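Just the heavy atoms: all of them, side chains too, but no hydrogens, waters or symmetry mates, feed the values below. Lettering of chains follows the sequences in order, A, B, ..., and the numbering in each one begins at 1. Whatever order the structure lists ligands and atoms in, that order sets their numbers, starting from 1.
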Amino acid sequence: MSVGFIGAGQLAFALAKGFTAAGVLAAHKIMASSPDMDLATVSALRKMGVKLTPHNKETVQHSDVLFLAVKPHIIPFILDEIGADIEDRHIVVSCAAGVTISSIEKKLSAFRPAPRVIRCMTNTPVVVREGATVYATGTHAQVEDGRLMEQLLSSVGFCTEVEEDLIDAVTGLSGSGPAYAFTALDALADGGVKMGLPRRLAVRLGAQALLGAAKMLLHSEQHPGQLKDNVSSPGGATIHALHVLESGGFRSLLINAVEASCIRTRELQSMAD
Amino acid sequence: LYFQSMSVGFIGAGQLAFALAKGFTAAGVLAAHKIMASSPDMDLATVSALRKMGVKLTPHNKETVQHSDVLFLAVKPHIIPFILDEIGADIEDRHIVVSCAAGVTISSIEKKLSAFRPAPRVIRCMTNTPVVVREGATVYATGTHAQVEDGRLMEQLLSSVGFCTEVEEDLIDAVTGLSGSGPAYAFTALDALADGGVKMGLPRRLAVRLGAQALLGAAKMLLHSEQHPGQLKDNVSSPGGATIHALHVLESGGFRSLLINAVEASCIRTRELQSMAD
Amino acid sequence: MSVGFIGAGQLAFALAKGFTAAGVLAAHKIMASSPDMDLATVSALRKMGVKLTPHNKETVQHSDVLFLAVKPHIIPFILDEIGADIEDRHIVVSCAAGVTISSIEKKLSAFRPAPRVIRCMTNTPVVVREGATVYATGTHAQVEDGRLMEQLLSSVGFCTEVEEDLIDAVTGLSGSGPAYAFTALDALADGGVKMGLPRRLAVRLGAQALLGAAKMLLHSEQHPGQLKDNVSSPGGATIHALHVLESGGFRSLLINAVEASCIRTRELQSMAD
Amino acid sequence: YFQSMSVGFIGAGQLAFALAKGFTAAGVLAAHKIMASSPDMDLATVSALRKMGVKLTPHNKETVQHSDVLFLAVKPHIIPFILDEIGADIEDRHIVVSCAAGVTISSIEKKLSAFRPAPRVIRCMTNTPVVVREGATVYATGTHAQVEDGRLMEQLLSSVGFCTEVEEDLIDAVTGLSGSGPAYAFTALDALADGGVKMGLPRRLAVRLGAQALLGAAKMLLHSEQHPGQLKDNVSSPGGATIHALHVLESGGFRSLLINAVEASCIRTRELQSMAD
Amino acid sequence: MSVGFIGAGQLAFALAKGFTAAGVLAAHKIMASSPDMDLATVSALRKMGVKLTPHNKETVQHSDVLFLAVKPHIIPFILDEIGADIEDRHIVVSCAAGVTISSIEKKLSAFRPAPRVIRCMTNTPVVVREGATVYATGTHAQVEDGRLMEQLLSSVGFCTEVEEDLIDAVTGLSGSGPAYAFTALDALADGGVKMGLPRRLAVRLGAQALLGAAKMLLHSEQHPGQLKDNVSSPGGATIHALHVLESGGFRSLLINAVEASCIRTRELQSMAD
Ligand SMILES: O=S(=O)(O)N1CCCC1
Ligand SMILES: O=S(=O)(O)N1CCCC1
Ligand SMILES: O=S(=O)(O)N1CCCC1
Ligand SMILES: O=S(=O)(O)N1CCCC1
Ligand SMILES: O=S(=O)(O)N1CCCC1
């Protein structure tokens, strides 16, 4: 099977690296196009063995599954450029935040009537095969197209089908989520440094603490509040630290973040639906 | 490189015109007598210093246009449309019109000027006052009829007084909020840092000097590093030490968020200052 | 003249790089010792041509001016280790935050009666020859020792003599200052990114804005408030941004920072004075 | 250079009293050359104008016929009723000086022009400290103001404080700054005195000291070429009492509160436009 | 009558300029001594007619009334230098914040038994003859010494005698007060500029408003709240602005400042009482 990437940014590189590391795709069965070849992301894809071309048309010809890993305001230009080159065999997978299936189908249908479109929202940890991906199938997607998508994206993390009207909220949670985690880990490490740890050890310990806690929850049937209860001895250090988190409205800030990212994602709609 | 020895004009003789004229003459790319500036108010302290520099001053904007090859519009954004009606008939094929006003779009300038002569050569720029010490930060966008080398000429000129690069025009309002207003954020921070030094027992003059030197060296380190500012921050803070204690109290006040708020507020206000039909 | 460094951390590397780049010292006339040779700072000093040794005693023998660029709680151990090896020719320059001249002289005087001690507070931008350094001369420092120190440290930035009781406050201002600036620049760049700039351009513009503003003030006789007034047109973008800084108590946060760093520096005193 | 000049106030409230008191104390106007009208002859301001020697009448018409310079010292929403009432009585000799916040020259000229075509209108924003001849006044001249009209206005208002001409579009902002400014200062002085009392001072002494401090600082700045931040720097010894107190002001966002105040007063003034311009 | 200043900083200049502008002292009857008069005051005092000497003892020998205008921690050093040079004719006027009469008398009495001491708290607006001064008379001050002090300091502003235990509070109110006013004027001008005024005009209007309001209160019998009530029309601009001041706790910030300055002044007591 042939996979192509339009756009060679962080997400394109991350998926290719994840895909090849899973053994589900040979790097040569992958082609990627970028309008900017000076990107650092484009340098590393060459070392992988991924074919690179400056013309999106060449990507479309080599590819069967076609990932649109470009910015939301760029999608309509890409669709206008290659819409004439879409064939029956193509599955077009848009990774752009906010951009609706119906808006993509509308553009592509001016060229050929039944484009097979899938919309997805993934995140950068696909690069270490621990991404979180959702997808929704378009009007003309065959039932096997969604199955194919799920099998491919399951190789690099969690993947599940959702109704399209959930994807803006997913973007605010697992799409933007890694950034919330990177911010938290920087701050936790500053906290470790303030109390006397070397920075390198503090980063390692904080990241290991977050990874292990996340894995515990994924492998548990218990509520996060129950796992929280299990950490804190009465009168102990942990419950004292939880109090100061609570006094600052820590929970409210993370709710605010998911909401703000979701609301901004809805504003990012560019084309007519 | 490009041989200049051209005439530059400033419509407006305020802080920006003085800062650019001072920077340009200090760089040696322009002689002061090849510069002409016009102001509706000849009593400005910036006007007196331009006179002593040897810059030619005139109350008549038309005379600046007739003198100039490169014409900087260094007036307030709402003043731009009056200037354009006033001198539009005087724009010749030789002119490059460089608007420095915050918010004012190229298309709004081209529309007004096209009513007189069809293909005005227009450049939009956003620079800042540190051009006066040749460490400005300048971006520019070229208009519809800007000729092949107009952008190259603009970049060569503005690079003599600091950083300069071409951008898409739709980035300029955000640049305005960051490096246009930026020096004011820094001056506020330096006043406050000196107040802190004085609180802890330093003489005011020493505290101002140390704080400014700290900001300058840190900024230079980052411009000369390939590392993330967070990594440079990490390299500086020993475990349990004075710096990480100070960083905590900055974080508790939402220091980072205040600077984000400032860039956003300046960018948003700049959009509002759109004074013409773009 | 011979210079040596006890400790091969960030500050040792920064001074050596600054010194050699100024042409005031050949890299071979410099020797540095580290208890941890696996430090990244130690790797680069080798490429410079600076002599490295694992034994502080060897540094003392090669050196005339001796920089103590180790952590405050480490100074007393270093002094106990090499105090017997101090000679009449040595000028001992302590860079450690908080550690008093009298405490260093007391330790060294148990070995030989008139140690020539200088205390200094510098910062990492000496690495690009724009440091801010102050120093105070000890009881037995000759008048030419301070002059020598000032000439050496002026090659890598601003340098001036202060009374020792100002150095804790200097530490809170120009010692910790660069970190305040790195934090501000990260945030300013986040602000530029929020409003649509690429991150690389936003970092460059923010850093250039801060450098130029700093240089303007250093080259001006005017008050920072006057230079601030000159930036803001009435009703304009800048004055709107200054208002939101003021509403958050921006000035108070920077005062808080200088104070907190100064107060913590006084707590870092380790030895008996 | 006008001792023949008659001045009228439509409105006999705080502002009319303050200006009449200041003018008469300045010696530029004899109190008998001043007439004031009010729909309420019971105000304490009316009873004080009477003992000052000002002529008082309930008829705005009579004030108009008495006056050469006519101050409109009524609330903004009252201006249109005044203008309809006395518009037909405006003569060529009249200079109509509106003091109401927010009310535009063009709105006033539009009303008066329905009667006689070229009314001479000046808009000003002053403040109550004219009553001790330390007011802060700006003015803008209307379409048909003669060039001597602005010079005359500035000569008259300079006798009771600072006075300068501005473009009209600055007057709403001036209103938020020097118009409302005295009230900010009275609030600050009450609070400073509470602080002095908290720390052990008698109330009367604390008020005197705080008011003298503010007066002297303001005069220092007015007589200095230096930035207010520079004078601040000159006051604060390192480690001293003043810089400690400045820190606690900064921690509460003191500067931002005063910016908020000028902004809020200016914005409200723009909402008080009553007439169509 | 001869007047001397030990110290040539901001306060000594301001009193000397005010005294000479008052015409109550011939400038040639004024001498001032400083070890480091590098402020422009050296050429300003000379043009003013003030005699300048580097030796504090020369000032003592010239002067009848001797103003100590040095920092509180410098006072005990001055008293030890000039103590043997105090004569019966001298009135010693300390302007230092926090330093008590009893601590000055104890110091000087080691030299001669009945030093005539006055403690003063004034402020910089004496330079425009609108200062605010309080003074307390010491144990051996003659009854005419206080009268002399009040006649002198009344020429440059308000002056009244207080009990000494009120002077710390006066320091927090009228001593520090001018700085509160300068901060307020800078911010008010920033407000004016935000709403469209040129900076120079905004500064002038704000300062004039402050000056006029203060003069109204000084010349009124009415409470400041009553003067506030007289300025605010119902529903008007001023009452809207007062609301936003109240919402930020504006009154409490000024109480906090007087308190903080007073408390810090009590900490500045340098000598033993
Ligand atoms: O004191 S506890 O909160 O029980 N504890 C649990 C993990 C580390 C500290
Ligand atoms: O609108 S301004 O505040 O005058 N301006 C100055 C620099 C960038 C924006
Ligand atoms: O104690 S530290 O925070 O490592 N230090 C480094 C520079 C000034 C203070
Ligand atoms: O201690 S100071 O802050 O320098 N001082 C100045 C006048 C009142 C108190
Ligand atoms: O509308 S008011 O609040 O009464 N007014 C008084 C002078 C400035 C504005």
query = Do the side chain of B:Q213 and the main chain of C:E130 share a donor and acceptor less than 3.5 angstrom apart?
reply = yes
ask   = Ion pair present between C:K228 and E:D190, side-chain N to carboxylate O less than 4.0 angstrom?
value = yes
query = Does the side chain of B:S237 pick up a donor-acceptor pair with the side chain of B:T243 at under 3.5 Å?
reply = no
inquiry  = Around atom NZ of A:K194, are there more than 12 heavy atoms from other residues, nucleotides or ligands closer than 6.0 Å?
reply    = yes
ask   = Do the side chain of D:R268 and the main chain of E:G235 share a donor and acceptor less than 3.5 angstrom apart?
value = yes
Are any protein N/O atoms closer than 3.5 Å to the N/O atoms of ligand 3? If there are, list each pair with names and the distance to one decimal place.
unit_1, atom_1, unit_2, atom_2, d
ligand 3, 1 (O), B:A242, N, 3.2
ligand 3, 3 (O), B:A242, N, 3.1
ligand 3, 3 (O), B:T243, N, 2.7
ligand 3, 3 (O), B:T243, OG1, 3.1
ligand 3, 4 (O), B:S238, N, 3.3
ligand 3, 4 (O), B:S238, OG, 2.6

task = Kindly indicate whether the side chain of C:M195, heavy atoms from C-beta on, has any atom under 4.5 Å from the side chain of B:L178.
result = no
